[PDB]
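Chemist: take these chains first, placed just as they are in the complex:
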Amino acid sequence: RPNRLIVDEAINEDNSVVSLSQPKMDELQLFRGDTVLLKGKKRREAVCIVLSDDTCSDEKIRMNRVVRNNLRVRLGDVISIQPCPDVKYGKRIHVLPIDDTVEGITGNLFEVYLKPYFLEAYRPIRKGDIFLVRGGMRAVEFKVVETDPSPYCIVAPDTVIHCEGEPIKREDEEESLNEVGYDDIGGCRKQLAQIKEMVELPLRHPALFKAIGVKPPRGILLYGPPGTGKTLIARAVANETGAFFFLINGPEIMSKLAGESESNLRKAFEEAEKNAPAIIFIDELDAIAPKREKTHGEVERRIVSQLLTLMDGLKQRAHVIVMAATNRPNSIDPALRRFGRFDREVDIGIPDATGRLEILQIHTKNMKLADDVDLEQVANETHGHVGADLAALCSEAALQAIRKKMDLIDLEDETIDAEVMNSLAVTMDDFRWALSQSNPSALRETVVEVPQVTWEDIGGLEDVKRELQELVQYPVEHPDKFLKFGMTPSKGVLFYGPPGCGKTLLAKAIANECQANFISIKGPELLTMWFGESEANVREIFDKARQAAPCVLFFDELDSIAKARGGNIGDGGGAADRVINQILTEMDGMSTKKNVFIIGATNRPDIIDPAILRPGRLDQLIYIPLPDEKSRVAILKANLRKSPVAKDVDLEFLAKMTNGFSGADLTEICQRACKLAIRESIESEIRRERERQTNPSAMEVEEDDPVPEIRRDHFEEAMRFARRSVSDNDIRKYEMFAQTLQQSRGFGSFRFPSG
């Protein structure tokens, strides 16, 4: 039967769209905009409008949430689709709002909600369905109770709409909305895919795999900083697959007077095991099963042992699945990782860059943003925030917007009419004000992300690009030839050269091109884990790097310890041995199959430990020279993209004139150019202001006080105070080391001996 299709998550959020692949339209002779009739479970029915979309597969149908609840089906089931061309324009429509959606509106719902939603839409509806309308601050659902003709009709301008009456009370099998689905999660695509991979099958079809016989998972650990939304993920999964989500809180089991805590745990487990595909969620696991030495009393030991024995006693059952949420995966008791207990660990990292954009677009759904709002700019500016912080920021912005216009009713016991409340355009000013007075929470957290620097930010280093390409991209692209030819791929690369230049940009660019996460460790951190402890930090950072493969670990300023202990200070050498031994050991213990590179940059190469430069460790050495002439003009071109231009002075002339400079110096010069431009513009504005205060209305209209374009004179002023950052002696020393390492490589070719 080539008519049925399996439902799937959609992208278009309109209430009357479906996404079919073009071969399906070719097979079923389906046009665009036709009316199709959809049959599903429970003998429910609805109509929709076909839209073209190539992303979905041929056997797969994409559809939104309102129609999915209309059909009383969940994702992964089957529906029947057909053309339905006999529908004609309706005559009259009777709609009635739901009781638990309009609490406190008391206004003309027809002019507020129905009129824009039904405008020039031609949305076909069927009697008995429910559709959701976005509005001022809330969402209102209407259940169409009567239409002419029945059951099918199409919206036309000359149709009768009745929106008066006692709101209908909620149904039972309606699958109440406002419950979190898959659209309420953003910035967690990969981890959500991983969770859905191993939980969908044992929950949707429970008997089939058991008949086959496999070991289904019996525990999933979700660990991450608080506020990232782990409970949201668990609740969304439970409400989507179909289960009996039974949360048990952390402190609630500790507040009970001793004896009945174990009784509560036992009752919870025995209740959850009977309701069939159940999903228990132990929130705040570390509160009841902490590290062993933390516990002092005896009730904690009894509670922990009770939990462990219940977990071991869970044998198959009705496919009950337990998930526990913790803060960091080293605080729980180590005994809760044996096989059979919690064994699969899935992390939920802090959203970065784009993820903040999706979170903000999810939260700023109901509110009517003004056209000047740039959500992308706010997302780019704000970092160190988690989901809860963004929600609080949006709420504070809404309240700031609503307070300055408190002349609305302030007296009427009946709540505000939707009319004025729909005339609130939250602007950029409110968002900036709310952002100003808000303290973040993440802050000091290691950031794992994809850097956005392209291979155009740098201009020179043409052959170093080739070397890095060979070292990095090929092993993950064509492993077959490497494994056949016999070589083990290189695991480390060490950079060395004059300070500044472009090491960090090279690392970020290669991480971007290879499309893998980037983790940076600075010298200050190395010394921080050099004056006190030395072991914990290295273990945790390497574990984090390994778990997020692929990634490009970076060790900036590896020579800092050698510089520090090379002076009068001679006591921290033991910790230096500690740090170097940790780095050596957890490079030696890394399996070559895992794709985790290591890159280190040193200003002074000679004084570093020669034990590192051994096979199986950082081996390849790449020399990074000082850019000269032709590279420098590209450096300037890359730097001065900014926003203004320099159409007057020639870049090539200053490239020729400034030979022997590092990139940092050129960026400094370009920055002082902007500083001079800002000074001149601001002093011009001040002069213009005072010349109005001398004579009121001196100029009715203003002019272009110095145009945002960096002139030549600013360039000369900024260039007059120029610096030669590096002296020649370091250049000779680096060249001497280069020729010394090259002198071991000396030989006078061949003649094809013994052909």
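Modeler: Thanks, I have it. Numbering: from 1, shown residues only, chains lettered A, B, ... in the order given.

Chemist: so where do the helices sit in the stretch 501-650 of chain A?
Modeler: A:503-514, A:523-531, A:535-547, A:560-565, A:573-588, A:630-639 (DSSP state H, counting those that start in this stretch).

Chemist: what do you get for the stretch 301-450 of chain A?
Modeler: Using DSSP H, counting those that start in this stretch, helices in the stretch 301-450 of chain A cover A:354-363, A:375-381, A:387-403, A:418-421, A:428-436.

Chemist: which residues does the fourth one contact?
Modeler: Spelled out, it's helix A:418-421. Helix A:418-421 is contacted from outside by A:105, A:107, A:108, A:109, A:111, A:112, A:113, A:135, A:136, A:137, A:408, using CB atoms under 8 Å, 6 or more residues apart in numbering. Any C-beta I mention is one placed from the backbone N, CA and C, and that applies to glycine too.

Chemist: quick revisit: single out the most deeply packed of the helices of the stretch 501-650 of chain A.
Modeler: helix A:503-514 (a mean of 21; mean count of other CB atoms under 10 Å).

Chemist: how far away is residue A:750 from residue A:743?
Modeler: Distance, residue A:750 to residue A:743, using CB to CB, to the nearest Å: 20 Å.

Chemist: can you check residue A:157 too?
Modeler: Taking CB to CB as the measure, residue A:157 falls 89 Å from residue A:743.

Chemist: could you redo the helices of the stretch 301-450 of chain A as TSV and give each row mean neighbour count?
Modeler: Below are the helices of the stretch 301-450 of chain A laid out as TSV (neighbours: other CB atoms under 10 Å):
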stretch	mean neighbour count
helix A:354-363	19
helix A:375-381	15
helix A:387-403	17
helix A:418-421	17
helix A:428-436	16
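
Chemist: wait, which of those is closest to residue A:516?
Modeler: Residue A:516 sits nearest to helix A:354-363 of all the helices of the stretch 301-450 of chain A, at 16.3 Å, using CB to CB.

Chemist: centre of the chain versus that closest one, how much separation?
Modeler: Using CA atoms, centre = their mean, to the nearest Å, the distance from the centre of helix A:354-363 to the centre of the chain it belongs to is 9 Å.

Chemist: ok, back up a step: nearest to residue A:568, out of the helices of the stretch 301-450 of chain A?
Modeler: Residue A:568 lies closest to helix A:375-381 among those, at 44.0 Å (CB to CB).

Chemist: tell me which residues are up against the closest one.
Modeler: Contacting residues not belonging to helix A:375-381 are listed as A:353, A:354, A:356, A:357, A:360, A:361, A:364, A:369, A:431, A:435 [CB under 8 Å, 6+ apart].

Chemist: add one more, call it chain B:
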Amino acid sequence: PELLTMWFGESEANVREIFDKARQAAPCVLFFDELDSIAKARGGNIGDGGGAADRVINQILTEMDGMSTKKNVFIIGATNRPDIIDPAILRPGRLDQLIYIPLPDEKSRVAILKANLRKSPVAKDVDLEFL
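Modeler: Just below you will find chain B, in place on the chains above:
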């Protein structure tokens, strides 16, 4: 690296269980690599691991002298800087015989080139004598 790590504290335990594990799983050939690293890290601008150095060497020596000939446990130590090793090691009963490994020459070079020449893709290739 592990030997250098076990200076700072844990200078008794780790040696104890490694020797115990070597003894219980007899026969075995215990291997100590980079034995000169002790005094190599000892010498420098720090001079603070010297107590750690002597304690590690002394647990090694005490456990070595406690061996019994009944168990076939063989100890081999390797180093590349012999002039710096503590002389107390070189006594009868402890590590005594000294064997010098010279650089490969002629037939040794051919043999190692052949040994490294297994691979899957060697094709038919050419002579290795001249290399």
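
Chemist: back to the contacts of helix A:375-381, now that we've got chain B?
Modeler: A:353, A:354, A:356, A:357, A:360, A:361, A:364, A:369, A:431, A:435 (CB atoms under 8 Å, 6 or more residues apart in numbering or on different chains).

Chemist: CA atoms only for that helix, dumped as PDB, please.
Modeler: Provided in PDB are the C-alpha atoms of helix A:375-381 (Å, rounded to 0.1, in the frame of the first residue of the first chain):
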ATOM      1  CA  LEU A 375      17.900  38.900  18.700                       C
ATOM      2  CA  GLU A 376      21.000  37.800  17.000                       C
ATOM      3  CA  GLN A 377      23.000  40.700  18.300                       C
ATOM      4  CA  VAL A 378      21.900  40.000  21.900                       C
ATOM      5  CA  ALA A 379      22.700  36.300  21.400                       C
ATOM      6  CA  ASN A 380      26.200  37.100  20.200                       C
ATOM      7  CA  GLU A 381      26.800  39.600  23.000                       C
END
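
Chemist: so what's the gap between it and the chain middle?
Modeler: 13 Å.

Chemist: what of stretch A:207-214?
Modeler: 36 Å.

Chemist: same question for stretch A:436-453.
Modeler: That offset, for stretch A:436-453, works out to 11 Å (CA atoms, centre = their mean).

Chemist: now the helices for the stretch 151-300 of chain A?
Modeler: Going by DSSP H, counting those that start in this stretch, the stretch 151-300 of chain A shows helices at A:189-204, A:208-212, A:230-241, A:250-255, A:260-272, A:299-313.

Chemist: quick one: residue A:227 and residue A:441 touch, right?
Modeler: Yes - using CB atoms under 8 Å, residue A:227 makes contact with residue A:441 at a distance of 6.4 Å.

Chemist: who has more neighbours out of these two?
Modeler: Taking neighbours as other CB atoms under 10 Å in any protein chain shown, residue A:227 and residue A:441 compare with residue A:227 leading, 17 against 14.

Chemist: and the more buried one, what does it touch?
Modeler: A:386, A:387, A:388, A:389, A:441.

Chemist: list the contacts for the residue lying closest to the second one once chain neighbours are set aside?
Modeler: To tie it back to what came earlier, the one meant is residue A:387. Nearest residue to residue A:387, sequence neighbours excluded (CB to CB, 6 or more residues apart in numbering or on different chains): residue A:229, at 4.7 Å. Residue A:229 makes contact with A:185, A:188, A:348, A:386, A:387, A:388, according to CB under 8 Å, 6+ apart.

Chemist: Throw these into CSV and include distance to residue A:565, thanks.
Modeler: Output for the contacts of residue A:229, formatted as CSV (distance: CB to CB, whole Å):
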residue, distance to residue A:565
A:185, 49
A:188, 44
A:348, 40
A:386, 39
A:387, 44
A:388, 44
